[PDB]
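The chain that follows stands alone, in the form deposited in one PDB entry, written as structure tokens.
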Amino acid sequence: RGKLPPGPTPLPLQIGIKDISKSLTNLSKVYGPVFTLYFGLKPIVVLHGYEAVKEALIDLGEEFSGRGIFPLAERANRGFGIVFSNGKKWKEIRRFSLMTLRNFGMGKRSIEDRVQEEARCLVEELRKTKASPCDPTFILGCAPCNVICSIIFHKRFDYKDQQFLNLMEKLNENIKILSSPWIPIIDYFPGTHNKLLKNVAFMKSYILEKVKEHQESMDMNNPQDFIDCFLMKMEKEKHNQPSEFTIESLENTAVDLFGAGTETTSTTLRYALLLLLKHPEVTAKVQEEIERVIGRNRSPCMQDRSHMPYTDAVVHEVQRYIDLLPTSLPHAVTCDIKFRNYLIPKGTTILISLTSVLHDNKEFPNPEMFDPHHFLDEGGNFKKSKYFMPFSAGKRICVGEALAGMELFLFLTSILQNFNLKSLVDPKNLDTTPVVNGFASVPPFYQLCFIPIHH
């Protein structure tokens, strides 16, 4: 009936995602690019190497577009948003969300507009540290969060506003819980499964409040944010019950956007500054390029990227090098499907090795080294690659891809346009080793001084 790929016999201190990825790569050398692992009677089919990831996620896109159940089901019922939903519900909600994020049905103000404003605020906030040692963790967190608040409720907060601090506190808690290391089984239980449930309840409740206020002034000719756009969809979906668009669904999708769009961006920003401190020659050329293409008066805009190949290679290289989500989020096949000499049954969990693609040693010689030239051709031009999959690939590719690319490019250039980065430790001694984490490559702690730029 099914015939899964071969693998090690069943069941294969604190172990992180990077350790797991390393294990998966070692296993691919034994069993090949496609293999099965079992954790109990639970089989997980692993895809390793670009060719197998492409053939599955891209060439059989639909069949591999399902979401893998995960280490639990969340009776909070997370399955009504985008991240953990499946089927028809996922299909319509993901589509709606993609298009709204691409400026459709959200008013005339652009997404870039919002990101440029936050960029300006991020710079002002960084000026407030008065060039004294700073751990940028918090400030780099507020920026991405505020862009999602602006897109979802049409509101951005001061980084000192309690409401805003509360949302981030809850998000950080859930993220730290969901990404705890393993030791067989996850590692969290103490008093946690309930904090996850409660914090989510709190967040949904906070959003529902905003939803209630939007319903008061809802106007079919004036949506200006994600909530208006969603409420206008429900409107058009009435007389066609049961719709996938409901208040429960709007709040869960809103919660997904916050969770998926805050920490990933924030961690990549923090990792980028750390790689910039570590490689002062790279930073200097980014600053040179910023200086000659944009100058220091006007704010950076997305059109500048095509004229700044070194900086574009640097942003790509940060994402490629750090391998933020080594195994993406788990997938599942949507029906029984023949894949090479195998027969995978509907619902089988599929684990993708993004590390195996981002760190392919033939596409990116010396893949373990940080090097902007992994994205530069032999003439120094920007070189795009089919192996650049930090956002994954296929039908489940990060719905926030465009938004995240804008945040990384605009925030990084804004920061480098206004400040020189000064590391306390001598770069040569600066340790860039990732801290153990269950789902993500996270950078170690560091501080730096944001010194108003000078020459």
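Definition used throughout: the rigid core is the maximal C-alpha set that superposes within 1.5 Å between two forms. Residue positions are given as counts along the sequence shown, with the first one as 1.
This protein has a second form, the form deposited in another entry, left out of what is shown; the following refers to that one.
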| query | finding |
| --- | --- |
| Of the candidates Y31, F70, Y38, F391, the only Cα that travels 2 Å or more between the shown form and the other one, given a rigid-core fit | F70 |
| Cα displacement of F104 between the shown form and the other one reaching 2 Å, rigid core superposed | no |
| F202 C-alpha moves between the shown form and the other one by 2 Å or more, core aligned | no |
| Displaced residue check between the shown form and the other one: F138, CA, 2 Å or over, core reference | no |
| Note on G7-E62 C-alpha separation in the other entry, which departs from the shown form by 3 angstroms or more | farther |
| Cα separation of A73 and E251 in the other entry versus here, shift of 3 Å or more | closer |
